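One letter stands for each residue in the lines below.
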Amino acid sequence: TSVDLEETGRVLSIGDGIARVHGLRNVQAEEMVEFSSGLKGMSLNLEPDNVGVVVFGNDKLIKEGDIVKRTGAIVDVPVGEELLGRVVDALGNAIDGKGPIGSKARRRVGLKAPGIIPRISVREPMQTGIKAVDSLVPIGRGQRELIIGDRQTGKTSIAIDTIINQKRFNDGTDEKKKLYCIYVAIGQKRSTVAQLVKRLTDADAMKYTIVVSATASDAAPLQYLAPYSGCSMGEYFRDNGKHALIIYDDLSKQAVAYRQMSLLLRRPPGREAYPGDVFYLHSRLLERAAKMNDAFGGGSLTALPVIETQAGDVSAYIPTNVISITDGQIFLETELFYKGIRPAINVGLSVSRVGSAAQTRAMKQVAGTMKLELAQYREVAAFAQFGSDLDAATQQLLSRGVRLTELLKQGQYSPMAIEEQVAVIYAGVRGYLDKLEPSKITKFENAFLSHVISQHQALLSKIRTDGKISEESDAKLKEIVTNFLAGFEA
Amino acid sequence: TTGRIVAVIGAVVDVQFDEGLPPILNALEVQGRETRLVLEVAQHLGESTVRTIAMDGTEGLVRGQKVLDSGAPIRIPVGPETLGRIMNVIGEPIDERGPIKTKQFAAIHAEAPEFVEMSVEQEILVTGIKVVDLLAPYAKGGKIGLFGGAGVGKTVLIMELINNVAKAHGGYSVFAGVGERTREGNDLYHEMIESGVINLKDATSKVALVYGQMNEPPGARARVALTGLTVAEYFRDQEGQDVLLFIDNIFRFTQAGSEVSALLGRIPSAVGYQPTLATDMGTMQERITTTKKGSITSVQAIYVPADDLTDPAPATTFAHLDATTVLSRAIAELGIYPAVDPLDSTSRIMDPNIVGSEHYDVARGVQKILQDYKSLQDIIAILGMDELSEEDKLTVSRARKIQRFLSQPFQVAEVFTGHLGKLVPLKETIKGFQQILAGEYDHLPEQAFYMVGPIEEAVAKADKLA
Amino acid sequence: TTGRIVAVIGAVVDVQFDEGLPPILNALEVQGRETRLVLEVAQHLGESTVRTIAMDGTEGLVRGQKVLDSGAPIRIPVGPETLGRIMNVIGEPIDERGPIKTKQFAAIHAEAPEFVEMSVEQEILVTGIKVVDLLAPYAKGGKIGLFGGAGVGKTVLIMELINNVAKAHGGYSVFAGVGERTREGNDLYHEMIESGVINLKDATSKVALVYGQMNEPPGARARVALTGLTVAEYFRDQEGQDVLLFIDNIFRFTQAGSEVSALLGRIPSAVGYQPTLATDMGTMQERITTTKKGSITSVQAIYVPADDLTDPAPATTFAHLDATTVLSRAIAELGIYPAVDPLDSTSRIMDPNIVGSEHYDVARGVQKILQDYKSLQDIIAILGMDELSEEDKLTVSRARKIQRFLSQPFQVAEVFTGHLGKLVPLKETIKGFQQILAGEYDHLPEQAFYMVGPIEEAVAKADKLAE
């Protein structure tokens, strides 16, 4: 004889991924429940006469009258080094055809970020291998740095070059310098994610990368969940004295999936039909990226969330919401992209909130004042557009800025080692490029870099080991660029 | 068993069942109609009552009217005998040629190919259209989208592509008319009979047609794209053959969804759209794809409401595409056809490792000069070209010639241009724009580059002028 | 009295009481929780049911769970033992240093001081920040607001003010972290230990810390400002000494109210905000004040959503301030830091009878030249510099030098600028702008004036820029 609607319930209605359930008197808020068919759902609305359950899958598998059963707890995922090299869904299920995922550890998806005490200031470099990023808007371990811009401005490519960049460290035996990577795809098409994975495999980068994918035909709850699940995989490394990087590609699509769920749970819309707490959705996720003090292992999780703007409006609602969470942003623009400024980074509008503390001394030496200087250069360039009599100082400011702009142009899929970056920036910042035609700067950089790689590995290796430019290294560099430049000008 | 209608508002019909409730997506059959009226189960409302979406008009329905459960979603004829035929949303022949006696049927709802089924093959599909081939090339088995406001050139472009691609293609084609002009379907059908790509006397037809146009109620317009897809899915999977899929116009799918959502009583999303806009689109678009099992080269015309590319419908469509051709009203009004925006049209295969450095360099070089011309528009609009520096005047003159050389007479648009249609080899497209960028034709008048094929025609045209 | 949870939707929890219904604002204690979970009563819905806002996460709550009425609003530790410590919304220590060694408590909800309690005293508080001191100076015991969109420099400025004003302050300071970054809380905490303004071993701590950052649910973020200011009110009223109160960021109080508004059954007002936005703000702001009993110099960082200063949240905040520092992305984008809009920052004490005629004349002169240039920029961008009269191009060159001389390297911004921080005396600020206005540096390059302290550095920079 059954009268117990405490541990079970019955579907009253089902539509658009929302089941309203009678009973389930003992169900907890946010508890995962199971339908008759095997489908799972999260209990998000506990109302006096019903439970509003969001469905993790196709609601054709749910009917009025179907039983719903308590699970006892909230959502969790497979966690550990066994996920490396694997493509999984929003719940860590293997979707790559390589076989079941067998980790010795599991972790909850909805855990709160570490507070003030477990933390310590971001101070370790997270190298992207992208000159413009590492020099102008540097990222440290434990930092959150947004990648933001219109469609097809190069956002994913920043994240991809960054993942590929870590191979240099990961092939070694120093565990404190390694960086394990997590790419979370939200709302993308499966073929795009597949091409992404092919790229990471060809560069031999997949071996230290977990791909977490909730795609366009996955139900809205799965897309909403994917960032948190990926975050939990990354928090494993963070809490065990290791360093992880997580990319959320993208949070715009997660917000859209969350908006759907919320509207269909009949929670009243706010600005742009997004739920009243759309900020909190992203702020709780991104706060979990953190740098841990030595007491907690000294590990870290670095986040690169991605936001898509419309018509280049960085000042929009959701963009400024996410800008107002992260420790800086890399802003990309179509205008710059097609002008040949690739990576298409707007310097003045991009920031890092950690700054030189996230740089090696060598990089800090060559790039210390460059960001404000380039911001000022663009103002003067715009103002001097007409060929009106300009003084020597403004002309010099323009000459330098034009040449540094060329130097920060970079191709794809060849992220640069830090000592190499310092060496090229050095030639620009010390004034050796000032008399060269702007059109020949990339030619100079290509020839100069290949030369110092060829003949001066002792110098580069010394900059990499010391992490700085000593007075001896500075004298050697000075001799090299002077003689090289004298040959290049003829 | 049997249900009874309890509520009707436009496309939305509520039905109560006494014994056994149809699952979501099941096709219900309304009893006593002159022509088949299908209701698709959308939701279970509670109290043994389902909410459904009609596939045809609901006029004449009465509360208490009997409804039967077919025990399956909408199922349609699939296979070789769909070729040469026209069907509607529910797979009925609408060409007056009798039954479509296929050996198999298929439900119009199928799950999208899984991640494991994806192909990473990226091979260029040369169209002979200069703008496309140069700047944003299409790929074989790729997803192509043609964006455009009202009257700018979507359908002319899709028709030119059917002319340039399909004949060079060795396989089957499926055309889905979705919320567009019925008379455009009549035109296409009879032109295909005339050319012989549809044969009424033999089994040699290479095209299957599916139509649910702007005379249809929204349930039909929302589902007819799925009908088209299902036909293509068969040819891709059960024949493992190269398929071409043409859809005009996929926006109409989302618009129809907005109309039904309003009738379903959902809380509306931004711009009055259904809260399910993106997931609905994803579940449909993810089926329009090449797999390891077979190739679908898909070309979808995409309507742009009030010319606003940030409208949730077109804005959400971009990420579903491998190549995008974005048309511009401003460009059309200047007389440049096809009215492609050369700075807003993209392709995944625009990559030096794919198209070769020469192709890539000329493309980016063309785009640089066009962007440099663009960000002078403010000053030019006020003071004209004569105020600019000699340097900027040079970039304006070349950009204007490039803009014109990007225009091209279409075989399909001969009545409107007055010129014989032209198809240009890729190597000739690269060479022509290469020469312009190099300044080889700085002396030639701009109008010489307008509405030609290869660069030699621009030379010959200038010779006749002076 | 004991109730049962009847509904849970996000941060909003409905509780039914069979008997003694708790009044609005009361703090309720959820039973069967590992860590203390407080619900604040917001409404009486009828049918013996109250609607409440949770001060922590609602995960794990069950319909039927018992809830106790504490018989009072949220009460927190106040007094000198809060100094050098970190507290949360409900008064708990979050610094791993054990209990707050106090037994004096205060409700976080309180009536604002009456009209009779108001002070009209207003004297200049010099910051050493040129743009602030020259154009819109702060007043001791006054209400100061720092407006800005995302990432324009609100926090850097507040930290510079703490560095320039609070490190040499004769009383106590309260910093309230409201809906911001936890990393910034850790940064500030360890910085004050390094400077000695917080001492972990003796009782010489000068600053009390209260935090509820953007990792917390909206109830916490809606109430942490009240907690922070309650600590401040004690130091003002029960002592009588001068208090500095820093809040970053007060927008987050209004944002948190908007997050729960629909679930509290409210029809939205304009721009998705709660209908109660202005009265909510008024009851909170009117407590943040100097009285005849004691002085509070308050500095509040104010977020501006979508950079729109007409957004209801910042728009409603302006009227609560005596001095306004408005930061602009348009200015930050140029590398001009601090990114202060000199044509949108104001102060009650910018009056010739208060600051003197010299100060006032130079400030208005600077604003005039900058407004004249702003109006010309767009015309000259199209028609060209050569079309300007000699009088116009003189105002252009001087204005551009003035714009640059308003920029300044901050000590707290050394990691961003690559320049040593500078503090400029008010005397030197006035003189410097006076001389530029008078055409005394017409012969010097533009860039000499960028990112320096006193005017002597611009001269020295001009000499260095030669060779």
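Residues numbered from 1 in each chain as written, not as in the entry; some residues may be left out. Chains lettered and ligands numbered in written order. Part of a larger assembly, values for the part shown. Heavy atoms only, no water. Residues with missing side-chain atoms left out of burial classes, pairs and counts.

As for the sheet that holds strand β16 (residues 351-352) of chain A
Residue and element names in this part refer to chain A. Spatially, 8 strands are ordered β8-β12-β11-β13-β14-β10-β15-β16 in an open sheet, and the strand pairing comes out mixed. The open sheet has two edge strands with one neighbour each: β8 (87-88) and β16. For strand β15 (residues 328-332) and β16, the ladder comprises 2 bridges, and the chain directions are antiparallel. Directly across from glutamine 329, in β16, lies its bridge partner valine 351. Contacts from helix α2 (residues 155-165) reach β10 (146-149), β11 (180-186), β12 (209-214), β13 (243-249), β14 (300-308) and β15, with the element oriented near 150° to β10. (Pairing = 2+ DSSP bridges. Helix = DSSP H or I, 4+ residues; strand = E, 2+ residues; numbered from the N terminus. Contact = heavy atoms within 4.5 Å. Axes fitted to C-alpha atoms, helices over the stretch in contact; angles between N-to-C directions.)

A look at the pairing of β14(A)
Residue and element names in this part refer to chain A. Most of β14 sits inside the fold, with 8 of its 9 residues counted as buried. In this structure, β10 lies alongside β14, joined through 3 bridges in parallel fashion. In the strand pairing of β14, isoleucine 147 is matched with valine 306. Examined bridge by bridge, β13 and β14 share 6 bridges and lie parallel to one another. Within β14, the position partnered with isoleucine 247 by the bridge is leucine 304. (Buried < 20%, exposed > 50% of the residue type's maximum accessible area, 1.4 Å probe, protein only.)

Digging into the UniProt feature "binding site: ATP" in chain B
All names here are of chain B. The residues that UniProt annotates with the feature "binding site: ATP" are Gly151, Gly153, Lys154, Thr155, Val156 and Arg181. Their sequence span is 31 residues, while the largest C-alpha to C-alpha distance among them is just 14.4 Å; these annotated residues converge on one region. Topologically, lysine 154 is positioned in helix α2 (residues 154-164). Among the polar contacts listed, one links the side chain of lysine 154 to the backbone oxygen of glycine 148, at a separation of 3.1 Å. Secondary-structure assignment places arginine 181 in the loop between β13 (172-178) and α3 (182-195). Not counting chain neighbours up to four residues away, the residues in contact with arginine 181 comprise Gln213 and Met214. (UniProt positions renumbered as here; feature names shortened; annotations may be inferred. Polar contact = N/O pair within 3.5 Å; in protein donor to acceptor, adjacent residues only side chain to side chain.)

Quick notes on the domain arrangement of chain C
Assigned domains within chain C: domain 1 (1-73), domain 2 (74-349) and domain 3 (350-467). Taken over C-alpha atoms, the centre of domain 1 of chain C sits 58 Å from the centre of domain 3 of chain C. (Domains from an automatic or database assignment.)

A short note on the domain arrangement of chain B
All names here are of chain B. Assigned domains of chain B: these are domain 1 (1-73), domain 2 (74-349) and domain 3 (350-466). The C-alpha-based centres of domain 2 and domain 3 are spaced at 31 Å. With 28 residues of domain 2 at the interface, the matching set in domain 3 holds 33 residues. Between domain 2 and domain 3 the total buried area reaches about 2,600 Å² when both faces are included, carbon and sulfur atoms providing 66% of it. Our enumeration of links across domain 2 and domain 3 arrives at 0 salt bridges. Taken together, domain 2 and domain 3 are joined by 16 residue pairs in polar contact. Listing elements by their share of the side of domain 2 that touches domain 3, those giving two or more residues are α1 (130-135) and α2. The leading source of residues in the side of domain 2 that touches domain 3 is α2, at 6 residues. (Buried area = accessible area lost by both parts, 1.4 Å probe. Salt bridge = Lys/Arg side-chain N within 4 Å of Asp/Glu carboxyl O.)

A short note on the UniProt feature "binding site: phosphate" in chain C
Residue and element names in this part refer to chain C. Here, UniProt's "binding site: phosphate" annotation points to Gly151, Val152, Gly153, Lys154 and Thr155. Considered against the second largest cavity, the annotated residues that line it turn out to be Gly151 and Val152. Among the secondary structure elements, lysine 154 is positioned in helix α2 (residues 154-166). Separated by 2.8 Å, the side chain of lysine 154 and the backbone oxygen of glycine 149 make a polar contact. (1 Å grid on protein atoms, 1.4 Å probe; cavity = no way out; pocket = protein on both sides within 12 Å on 5 of 7 lines; lining within 4 Å.)

Side note on unusual backbone geometry
Peptide bonds are, in most cases, trans, and in most cases residues other than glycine have a negative phi. For the peptide bond that leads from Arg342(A) to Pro343(A), omega is 0°, which places it in the cis range. Following the sequence through the fold, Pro343(A) ends up in the loop between α9 (334-339) and β16. A cis amide bond, omega 0°, links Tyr337(C) with the succeeding residue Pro338(C). Of note, the phi angle at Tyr413(A) is positive, near 65°, even though the residue is not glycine. In this structure, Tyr413(A) sits in the loop between α12 (392-407) and α13 (418-429).

Here's the deal with the UniProt feature "binding site: Mg(2+) 1" in chain B
All names here are of chain B. The feature "binding site: Mg(2+) 1", as annotated in UniProt, sits at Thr155 in this numbering. With respect to the helices and strands, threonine 155 occurs in helix α2. Classification of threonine 155 as partly exposed rests on a relative accessible area of 22%. In contact with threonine 155, other than residues within four places in its own chain, are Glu184 and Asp248.

Considerations on the UniProt feature "binding site: Mg(2+) 2" in chain C
As recorded in UniProt, the sites labelled "binding site: Mg(2+) 2" are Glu180(C). The contacts of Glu180(C), once residues within four sequence positions are left out, are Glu287(A), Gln213(C), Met214(C), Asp248(C), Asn249(C) and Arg252(C).

What to know about the sheet that holds strand β15 (residues 243-248) of chain B
All names here are of chain B. The sheet built from 8 strands is open, its strands ordered β8-β14-β13-β15-β16-β12-β17-β18 with mixed pairing. Looking at which strands have only one partner, the edges of the open sheet turn out to be β8 (86-87) and β18 (346-347). Across the face of the sheet, helix α4 (residues 218-237) comes into contact with β8, β13, β14 (207-212), β15 and β16 (296-303) while running at roughly 175° to β13.

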